[PDB]
Amino acid sequence: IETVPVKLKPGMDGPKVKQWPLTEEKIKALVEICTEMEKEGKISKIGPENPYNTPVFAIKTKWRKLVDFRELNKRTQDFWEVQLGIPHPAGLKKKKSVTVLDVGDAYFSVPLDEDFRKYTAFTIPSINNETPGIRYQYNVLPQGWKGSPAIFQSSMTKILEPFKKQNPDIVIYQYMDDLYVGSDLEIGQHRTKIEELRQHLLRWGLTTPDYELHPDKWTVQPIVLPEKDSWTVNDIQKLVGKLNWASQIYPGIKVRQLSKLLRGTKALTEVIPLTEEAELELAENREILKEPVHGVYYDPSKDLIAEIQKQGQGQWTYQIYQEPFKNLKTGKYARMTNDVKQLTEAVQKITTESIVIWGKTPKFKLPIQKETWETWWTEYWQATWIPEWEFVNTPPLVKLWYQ
Amino acid sequence: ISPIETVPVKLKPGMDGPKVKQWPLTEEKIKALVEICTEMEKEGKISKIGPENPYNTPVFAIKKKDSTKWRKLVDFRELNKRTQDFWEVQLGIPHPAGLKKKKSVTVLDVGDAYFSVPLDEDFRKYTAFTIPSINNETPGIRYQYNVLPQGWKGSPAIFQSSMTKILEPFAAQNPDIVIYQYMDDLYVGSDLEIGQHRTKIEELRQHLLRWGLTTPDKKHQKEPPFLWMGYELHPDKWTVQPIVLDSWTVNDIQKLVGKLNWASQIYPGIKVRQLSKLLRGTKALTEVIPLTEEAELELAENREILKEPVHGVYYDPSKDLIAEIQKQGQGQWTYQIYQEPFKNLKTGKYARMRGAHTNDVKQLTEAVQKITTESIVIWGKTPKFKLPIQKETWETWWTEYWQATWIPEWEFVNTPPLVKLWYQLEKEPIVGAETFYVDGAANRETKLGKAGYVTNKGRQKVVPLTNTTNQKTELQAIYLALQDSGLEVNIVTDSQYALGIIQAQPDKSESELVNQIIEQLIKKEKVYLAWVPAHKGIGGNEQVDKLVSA
Ligand SMILES: CCC(=O)n1c(=O)n(CCOc2cc(Cl)ccc2Oc2cc(Cl)cc(C#N)c2)c2ccccc21
């Protein structure tokens, strides 16, 4: 088959990234996987004249390879995002159910431009440096790579055309390695269609590993001020603080009346009666806070940002946004667990949501020390993709005031 | 010399070969450079060339020690600066503690390693050199390499890569043997009978030779003194090679610290806190330095530890790794890793990473982090921990801590000093407790300002301050309200800065002011601190801000 030529963005060199060290169970898993892959010509071992490197992991009963093509993608996908891009349906966010299929296997049937392949180099590392790492590079379309779905996009339309005609009301979107299938039918009916699709795909050669999302049920986390019968001076001071903050997210907030209550030098525990003006000023602000924030648009040109705060009791709040106070979405996960297992489950929940809504992953700011996260994220992780992340290590002293 | 395939090599994208002038040389050396090259020419290592090649790099001759035999040294600096980048040879050396105990172990060095491996034909032209002419009259004689030049950027990596190829089949045919690779050396170990081990070692020699790589036979090194990369490797144990050291320059200091750090692999509780403080400014290696009684006592303790010889074991997969951490002084920690109850695999220290307002639990968690990672590199799994902190103390900390944190399987070890939380702020305002409204402020020109408070029972105070920053005053105010307080106080600031410091429950800081706050916060019975926005018409705040801003 012919190879679609691929050129990095110009004035850019291929990825050169340190391979984090692995446990011996993952390494064994990886040499098993990559050995099979090589017999099947997917990859092949490589010289030392190839200096490039992209990291590799093992995530899971059987093991799965995972490659971090985040640098390569930042150096290639951006060109293919223009030249060879993939449109995102505004309707998928509205479907009742969205199932997510893995169609990574598809990519192993298109070959990659021989001139590109050196840039897909990875290194299965070795314990205690007993040996040089095993080095390979890809000859077919790699699973992590934002190029791979883009090139296969043509072939992928030809396979789904029959189904998309017998079923014109189901939405299908392709985000690197995964197929988002949204329908508006009973879970049981939707569950079949998907099974009917899986069979379609297999008829035409796409294996699909043998969950269910409900986006219409999705809703933001509104700002909620306390609703108490008697207010201590502290109770009022805090309420003043929270509003004073909301003023950024929400024009129309007022604290004159309520701050009047705090006229003097009182003790924190003293109970204060609420003046009618404040009870109204308070009553007006509550309505505004209930009002869905209005006037924030998604600007494709810009990166999304996701912040996550750890509340207690297994709960985590988040906000996604492009500019500081102009929030595209906010949410709260409560868990049914290691903090870190919780935090990776969040990151994955948020990324999925963000793929479905905007066809974009955000860049997380994770409240966890870097090395702890680098040491343990792959332990809980089940996604085929990996978002960008930085680490906040300065406490969000801001009172949670996010519920 | 090897039928091994060659690695395609290329010069940098927009660069071309070297063209350096060859300098004149004592005629005695010219004769030697001729004999050496003639022999190399006879072995195919080098081939003579004509004026068509326009590239040159310089050659030289060193006495070859006391041998008085001379040796050839080409200087490949330019060529290397123009030779493409490679996949680098691993920098990490294996740590002897991660070496699985094996009955028999053989060390096989490879003779003229590089010269035994071909060079990409199309690259040879650039590896060209000129033997200087005897008299300035006669053009010199010219050559290029057909094998990996010794000074070249690429010889190591290409040598490594070709050896890996030559081992893959053998190493597959014989899973019973474990072959390791480091530079020119191949360390093979086995659990077979001495005879079966030797038979396979010979079979290996046999194999390597068919690929043009020679190895010793019964001139292999003897085990007892495997002096390797700084270690003594005995068949039953490993240690560090003996470490010497009274001198008081700067460079003498760094060498000493480095030697001590190297000894910390295995020698428990070598200390370098003080001595590393004497590395302030530095730069002048010759600069002399005053030996503090705190650092020169340190060195006294160290010599005593270096009088006792310490050994470590090799590693046993069957058994668990254990790691146990002791708090040593302030911001200093120490740790052993072991499988049996007094037979250490290795030890080490961890010291408080740069940063103000630290805390012992946070540091402990950090140290578990460095040990966990270390473990994965050496052994490929994480250890079970033995830590001196109750699970009451940890579970409290992590549940309230703003970040995610995690520590794997661990067990309390009642060995003082125990890691504890020196205080805990109240979650809720205290009834019947004076409510101190504090503020501070300072003038960015005059480096002056005021600290103060105002209370509900009418109490007030202001003190003047000199050479202070606004933060330092925000924080000083807190200190006052504490000093002039009971056992139970409520404090109200507008300082996000000050709030943050205290809420993070620092256990110490370099900021004496913080330490005073901390030592006050201990003596207190209960403290609740609370935050209000500034200049927003809040009560005590407005009053306190007037008191000390004007
Ligand atoms: C009864 C045990 C015994 O005789 N010895 C033993 O167990 N060790 C530990 C190292 O064991 C090795 C195991 C394997 Cl699979 C491979 C090589 C090993 O040795 C190396 C490793 C390295 Cl990176 C450098 C060198 C040098 N120079 C040797 C021993 C080490 C030395 C001598 C004997 C043993």
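Please note: Cβ atoms are built from the backbone with ideal geometry, for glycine as well, and neighbour counts cover all protein chains shown. Computed from the coordinates by the stated procedures, all read-outs in this text should not be read as laboratory data.
Remarks
- Distance between the stretch B:495-550 and the stretch B:5-49 - C-alpha centres, whole angstrom: 73
- Across A:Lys118/A:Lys370; B:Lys31/B:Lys72; A:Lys370/B:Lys427, pairs whose alpha-carbon gap is larger than 18 Å: A:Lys118/A:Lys370; A:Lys370/B:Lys427
- At 1.567 mPa s and 4 °C, Stokes D of the protein assembly as shown from Kirkwood alpha-carbon radius, µm² per second: 38
- Coupling constants for the stretch B:376-383 follow from the phi torsions by the Karplus curve (6.51 cos²θ - 1.76 cosθ + 1.60, θ = phi - 60°), and in residue order they are 5, 7, 7, 10, x, 8, 9, x Hz; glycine and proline get x.
- Using the Karplus relation 6.51 cos²θ - 1.76 cosθ + 1.60 with θ = phi - 60°, the per-residue 3J(HN,Hα) values for the stretch B:277-283 come to 6, 6, 9, 8, x, 6, 6 Hz, with x marking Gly and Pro.
- Each peptide among B:284-296, A:302-314 gets the average number of other Cβ atoms lying within 10 Å of its residues, and from highest to lowest they stand as A:302-314, B:284-296.
- Secondary structure note: in the protein assembly as shown, about 80% of the DSSP beta bridges are antiparallel.
- Viscosity 1.002 mPa s, 20 °C: Kirkwood-radius Stokes-Einstein D of the stretch B:1-143 over Cα pairs, µm²/s: 119
- Spatial offset of the stretch B:174-209 relative to the stretch A:54-123 amounts to 43 Å, using the alpha carbon center of each.
- Diffusion coefficient of the stretch A:192-320 by Stokes-Einstein, Kirkwood radius over Cα pairs, 4 °C, 1.567 mPa s: 67 µm²/s.
- Placed amide H near B:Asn359: partners under 5 Å, 5+ positions off or other chain: B:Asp507
- Annotation for A:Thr157 and A:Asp115: the two label points, set 7 Å from Cα along the Cα-Cβ direction, are 2.5 nm apart.
- Out-of-range pairs (alpha-carbon distance over 18 Å; input B:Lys319/B:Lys346; B:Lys45/B:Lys65; B:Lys307/B:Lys370; A:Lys146/A:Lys329; A:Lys42/A:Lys65): B:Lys45/B:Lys65; B:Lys307/B:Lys370; A:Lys146/A:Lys329
- Computed log₁₀ I(q)/I(0) - Debye formula, equal Cα scatterers, no solvent, the stretch A:13-140, q 0.11, 0.19 Å⁻¹: -0.47, -1.19
- Amide H contacts of B:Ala441 (H built 1.01 Å from N, in plane; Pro and chain starts excluded): B:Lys450 sit under 5 Å, all sequence-distant by 5 or more or on other chains.
- Residue-wise HN-Hα couplings along the stretch A:147-162, as the Karplus relation 6.51 cos²θ - 1.76 cosθ + 1.60 with θ = phi - 60° gives them from phi, are x, 5, x, 4, 6, 7, 2, 4, 4, 6, 4, 5, 7, 8, 3, x Hz; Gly and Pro carry x.
- Packing-based order for B:317-327, B:134-144, using average beta carbon neighbours within 10 Å, highest first: B:317-327, B:134-144
- Per-residue shielding of A:122-129, expressed as the average number of other chain Cβ atoms within 10 Å of the residue Cβ, stands at 6.
- Annotation: amide H-H contacts under 5 Å for A:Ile124 (H modelled 1.01 Å from N, sequence separation of 5 or more, or interchain): A:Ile134, A:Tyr136.
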